[PDB]
Amino acid sequence: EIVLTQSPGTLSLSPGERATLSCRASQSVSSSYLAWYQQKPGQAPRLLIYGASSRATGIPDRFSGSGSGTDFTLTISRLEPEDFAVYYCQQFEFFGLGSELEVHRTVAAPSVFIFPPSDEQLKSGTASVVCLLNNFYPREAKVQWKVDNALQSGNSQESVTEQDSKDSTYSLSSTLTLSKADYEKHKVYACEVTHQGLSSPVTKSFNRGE
Amino acid sequence: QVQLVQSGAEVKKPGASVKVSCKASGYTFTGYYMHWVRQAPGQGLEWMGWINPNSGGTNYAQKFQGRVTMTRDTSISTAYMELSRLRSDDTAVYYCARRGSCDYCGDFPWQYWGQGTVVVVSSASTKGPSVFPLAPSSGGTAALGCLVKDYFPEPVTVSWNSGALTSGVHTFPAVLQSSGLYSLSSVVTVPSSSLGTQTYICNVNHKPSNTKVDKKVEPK
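Chains as they are written, first to last, in the deposited numbering: chain B, 1 to 27, 27A, 28 to 91, 96 to 213; chain A, 1 to 52, 52A, 53 to 82, 82A to 82C, 83 to 100, 100A to 100F, 101 to 128, 133 to 214.
See below:
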């Protein structure tokens, strides 16, 4: 049961810098049968390195790898715009969970918006409230729903866009699912945002029937 | 010029049996082993097994032992894999791969890959989307969008003014609801002053239901 553990999980860097990804095996393994892969969103993985050292046919000279026994590394110099993806580590059947290369950017604050349920949707018997966060960095953010003033949990789903190509920001949208009965039993609906770019948590709310 | 082409996306109910194909192009089909790899939607890679096309011999992973059978067709260049007794956690992308150009780097460092076959395992039926608007509110700019709720299966395309607006648009990935139907929202940031004059229209298209919808977005 050879277990490959690769770290760090997330690495935020700027173009032109150095990148190091370590893949540590649980027990000693043979260096002649290791591989490094790269996978971008929507595509199949690319083979980068085979045997821990040798580079696959067609990959540039800025990719290199080494190691033996437990620990193996992958080093990439001169980061390009297309080198931000996920990198996997493989040894026969066993794989690694992965490591992500993120674009680094100055801290940005999310513009918070909210939208009350539509009059059309309230005919079906279910109400939905949506909270919107626009162009923020880093990706880590927490959105908490507050019907009236009670913290809601278990009735929300979130979607996060991938990092932008130009400004390298993120966008998040959380939804709230309540029935027509539960929606008409309350007045105030709020979704507060906690982000390191906000000096204090920002709360946007509205009042039902107003 | 080695090329591997797979089957299209398929949707099946738990317990059924899905078969996906993988056609070779630029090499002797029987000369190299053919592997199969599964990748969950949010997770990583998982190895299923290989089939030697020259003899038909197989070797499956311990997890799929007794649930999967890999066949081949030498007349064509297609290698098949069939996963029986499906359940919900089998929903993933299924790739077929092939070892590299070297000799003794192993049969597992795969240099050539297929395009992948999406397989969704669910008990739901085909349902069309329901589009609801998101009305703008009161500083320097305002945001608005439309919400696509309750549709199956994925995907749907969302555009604005019939593809006349690109900057500011943000189409989020879908979320699987407990009812089995997906849902997503798509928004756009616009100047707060052009709110009363410029008209904004949502465009939703769901092919599995053959449903084309244009929706009006206006402040209530």
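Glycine included, each C-beta is placed from N, C-alpha and C at the ideal position.
Mind listing the chain A neighbours of residue 43 of chain B? Cutoff is C-beta to C-beta under 8 Å, in chain order. 91, 103, 104, 105 and 106
Members of the stretch 128 to 146 of chain B near chain A, C-beta cut-off 9 Å: 129, 131, 133, 135, 137 and 138
The beta strand (DSSP E) that contains residue 1 of chain B, what's its start and end? Taken as a continuous stretch (DSSP letters only), residue 1 of chain B belongs to no beta strand (DSSP E), as it is neither H nor E.
Okay, do the stretch 188 to 199 of chain B and the stretch 136 to 154 of chain A touch, 3+ Cβ pairs below 8 Å being the bar? no
Indicate whether at least one CB of chain B lies closer than 8 Å to the CB of residue 213 of chain A. For residue 213 of chain A, the answer is no, since every Cβ of chain B falls outside 8 Å of its Cβ.
Taking 7 Å as the cut-off, is the C-beta of residue 117 of chain A nearer than that to any heavy atom in the ligand SAM? Judged by which ligands are present, the structure shown has none, so any question about the ligand SAM falls away.
Could you compute how far the alpha carbon of residue 100E of chain A sits from the alpha carbon of residue 11 of chain B? 25 Å
Those runs of the beta strand (DSSP E) which lie wholly inside the stretch 121 to 159 of chain B and span at least 3 residues: 129 to 139, 145 to 150 and 153 to 155
Roughly how many whole angstroms lie between the Cα atoms of residue 44 of chain B and residue 17 of chain B? 23 Å
Going by alpha carbons, who is nearest to residue 147 of chain B out of B:141, B:140 and B:161? Checking every option, the nearest Cα to that of residue 147 of chain B belongs to B:161.
C-beta atoms of residue 14 of chain A and residue 83 of chain A nearer than 8 Å: yes
So, with DSSP's three-state summary, where would you put residue 80 of chain B? helix
Under 8 Å between beta-carbons, which chain B residues line up against residue 143 of chain A? List them in chain order, please. 124 and 131
Quick one: what's got a C-beta closer than 6 Å to residue 108 of chain B's C-beta in the same chain, skipping five residues either side? 140 and 171
Using the beta-carbon of each residue, which ones in chain E are nearer than 7 Å to residue 183 of chain A? The question asks about chain E, but that chain is absent: this structure's protein chains are B and A.
Based on Cα-Cα distance, which residue from A:189, A:175, A:33 and A:70 lies nearest to residue 133 of chain A? A:189
How big is the Cα-Cα spacing for residue 46 of chain B and residue 210 of chain A? 47 Å
I'd like to know if residue 11 of chain B contacts chain A, where contact means its C-beta is closer than 8 Å to some C-beta of that chain. no
Using DSSP with H/G/I as helix, E/B as strand and the rest coil, what is residue 189 of chain A? helix
Between the stretch 39 to 71 of chain B and chain A, which residues of the former have a C-beta closer than 7 Å to a C-beta of the latter? 43, 44, 46, 49, 50, 55 and 56
Using CA coordinates, which residue listed in B:155, B:152 and B:137 is at the minimum distance from residue 167 of chain B? B:137
With 8 Å as the threshold, decide whether the Cβ of residue 166 of chain A is near any Cβ in chain B. Chain B contact via Cβ: present.
Do we get a CB-CB distance below 8 Å when we pair residue 96 of chain B with the residues of chain A? yes
Excluding sequence positions up to five away, which residues of its chain have a Cβ less than 8 Å from the Cβ of residue 110 of chain B? 140, 141, 199 and 200
I'd like the list of long-range same chain contacts for residue 35 of chain A, defined as Cβ closer than 6 Å, with 5 residues on each side in sequence excluded. 50 and 93
Residues within the stretch 17 to 49 of chain A neighbouring chain B, beta-carbon criterion of under 7 Å: 44, 45 and 47
Against chain B: residues of the stretch 115 to 126 of chain A by CB proximity under 8 Å: 120, 122, 123, 124 and 125
Find the nearest neighbour of residue 27 of chain B within the set B:151, B:70, B:65 and B:154, judged by alpha-carbon distance. B:70
State the DSSP-derived secondary structure class of residue 31 of chain A, mapped to helix, strand or coil. When DSSP states are grouped into helix, strand and coil, residue 31 of chain A belongs to the helix group.
Suppose the cutoff is 7 Å on Cβ atoms and the five residues either side in sequence are ignored; what does the same chain contact list for residue 62 of chain B look like? Here the set comprises 47, 48, 54 and 75.
Beta-carbon of residue 34 of chain B versus every beta-carbon of chain A: anything under 8 Å? yes
Please confirm if the stretch 13 to 33 of chain A is in contact with the stretch 165 to 172 of chain A, defined as three or more CB-CB distances below 8 Å between the two stretches. no
If we require 3 or more residues per run, which beta strand (DSSP E) segments fall completely within the stretch 149 to 186 of chain A? 151 to 154, 163 to 165 and 176 to 185
Quick check: residue 21 of chain B and residue 73 of chain B, are their CB atoms within less than 8 Å of each other? yes
Any C-beta of chain A sitting closer than 8 Å to the C-beta of residue 160 of chain B? yes
Give the range of the beta strand (DSSP E) segment to which residue 49 of chain B is assigned. 45 to 49
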